[PDB]
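The sequence shown begins at 35 in the entry's author numbering and counts up by one.
As structure tokens, the structure follows; a few thoughts come after it.
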Amino acid sequence: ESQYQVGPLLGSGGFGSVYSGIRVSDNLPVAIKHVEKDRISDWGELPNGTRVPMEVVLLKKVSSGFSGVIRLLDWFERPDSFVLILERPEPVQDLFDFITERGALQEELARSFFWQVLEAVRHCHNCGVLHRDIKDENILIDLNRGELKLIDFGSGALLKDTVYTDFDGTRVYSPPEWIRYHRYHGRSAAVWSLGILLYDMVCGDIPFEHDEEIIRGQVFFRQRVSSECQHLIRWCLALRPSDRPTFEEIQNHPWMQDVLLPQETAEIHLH
Ligand SMILES: Cc1cn([C@@H](C)[C@]2(F)CCNC2)c2nc(C(N)=O)cc(Cl)c12
Numbered sequence: 035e036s037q038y039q040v041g042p043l044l045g046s047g048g049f050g051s052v053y054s055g056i057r058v059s060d061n062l063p064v065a066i067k068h069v070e071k072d073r074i075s076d077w078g079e080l081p082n083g084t085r086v087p088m089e090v091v092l093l094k095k096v097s098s099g100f101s102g103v104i105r106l107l108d109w110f111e112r113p114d115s116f117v118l119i120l121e122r123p124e125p126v127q128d129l130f131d132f133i134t135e136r137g138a139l140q141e142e143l144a145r146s147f148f149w150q151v152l153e154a155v156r157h158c159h160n161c162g163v164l165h166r167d168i169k170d171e172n173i174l175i176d177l178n179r180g181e182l183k184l185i186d187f188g189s190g191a192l193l194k195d196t197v198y199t200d201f202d203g204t205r206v207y208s209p210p211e212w213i214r215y216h217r218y219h220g221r222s223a224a225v226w227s228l229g230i231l232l233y234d235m236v237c238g239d240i241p242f243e244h245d246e247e248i249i250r251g252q253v254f255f256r257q258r259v260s261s262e263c264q265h266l267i268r269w270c271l272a273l274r275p276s277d278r279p280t281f282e283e284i285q286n287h288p289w290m291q292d293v294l295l296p297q298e299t300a301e302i303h304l305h
């Protein structure tokens, strides 16, 4: 390609291979993601006939000024793969690596980060998109600005109000009704994953590893965590889907009051 200068490989795995690059016209930092045609779970269609990974359909749906979801800048089709050109914050670290380095997060830091993830998930749902793989590996932190960005819509779907009976996101974030029945609805399955994520932020590891632990849904804390935060987590991890909070109820909960804005968070917590 002559539109982008390719830099180091940043990582590879079920998401494909992702390289650092720069757009040659204006030096903008980008990430260049290659996904093999044989490993794409779902396909969508652009308004015009072109069959594309679902991920491309979903990223176009979520596009706007709103900075909480990674932007798709361009995409290319090759004979055996698709190449996605995405925004790349610089300096950046994903939340998985951040928690690996710092351990359990201070609650004021977790509250700012969790709030920004809820604003990004609400924006996806308002655009008709369900991510289906919310987890710390799929959240990037713009370290200078304190802003978080959701990435990787490769397991996502268009949002619907009937039941889902397929799933290929991350099993330890997936809800008890998926494990037991292979059936879930989108918003309540999303809120269960948010409960897992909030526990991972304030404890430094996820609460469940085994199917039997997910089904029993009993949460224990190894780290000191305030009673209001443990209430929110246990509410989001209610075993009955209809007992979990809506997004409005999460952002109105007492633990979510008084959030730092992203720049304030970067000044206080980010080196
Ligand atoms: C900047 C960046 C880095 N990565 C990956 C190499 C990870 F760091 C690996 C686990 N978290 C993202 C990315 N992955 C994706 C993706 N999976 O869609 C998108 C971006 Cl922007 C990035």
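From the three backbone atoms N, C-alpha and C, an ideal C-beta is built for every residue, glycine too.
Residue 215: member of the alpha helix (DSSP H) spanning 210-215, first to last residue. Here the distance from the Cβ of residue 120 to the nearest heavy atom of ligand 1 is below 8 Å. Between residue 92 and the set 104, 99 and 231, the nearest pair of CA atoms involves 104.
In this structure residue 296 does not touch residue 220 by the C-beta definition: roughly 27 Å separates them, more than the 8 Å allowed. Residue 53 and residue 261 have their C-alpha atoms spaced approximately 42 Å apart.
In the DSSP assignment, residue 233 falls within the alpha helix (DSSP H) that extends over 220-237. The nearest non-hydrogen atom of ligand 1 is less than 8 Å from the C-beta of residue 46. Minimum Cα-Cα distance from residue 80 among the listed residues 74, 89 and 72 corresponds to 89. Residue burial is scored here from C-beta neighbours: residue 121 has at least 16 other C-beta atoms within 10 angstroms and is therefore classed as buried. Taking 8 Å as the upper bound for CB-CB distance, residue 190 and residue 166 are in contact here, some 5 Å apart.
One thing to note: residue 290 has its Cβ no nearer than 9 Å to the Cβ of residue 139. Taking 3 residues as the minimum length, the beta strand (DSSP E) runs contained wholly in the region 71-131 are 77-79, 85-87, 106-111, 115-121 and 126-128, in order along the chain.
Residue environment for residue 302: exposed (fewer than 16 other C-beta atoms within 10 angstroms of its C-beta). C-alpha of residue 270 to C-alpha of residue 164: approximately 17 Å in a straight line. Contact between the region 279-293 and the region 139-151 is present: 3 or more CB-CB pairs across the two stretches fall below 8 Å. Using a 10 angstroms sphere on the CB of residue 172, the tally of other CB atoms reaches 16 or more, which defines it as buried. A straight-line Cα-Cα distance of about 37 Å links residue 36 and residue 133. Sorting 126, 224, 256 and 248 by C-alpha distance to the C-alpha of residue 284 places 224 at the top. Straight through space, the alpha carbons of residue 108 and residue 94 are spaced by roughly 10 Å. When the Cα atoms are used, residue 70 and residue 113 turn out to be separated by approximately 10 Å. Around the CB of residue 298, fewer than 16 other CB atoms lie within 10 Å, so the residue is classed as exposed. Assignment of beta-bridge partners to residue 181 by DSSP yields 176. Per DSSP, reduced to three states, the secondary structure at residue 157 is helical. Residue range 38-47 is occupied by the beta strand (DSSP E) that includes residue 44. Between ligand 1 and residue 174, a heavy atom-to-CB distance of less than 8 Å is present. Residue side-chain check: residue 49 places its Cβ nearer than 8 Å to a non-hydrogen atom of ligand 1. Not one heavy atom of ligand 1 falls within 8 Å of the beta-carbon of residue 230.
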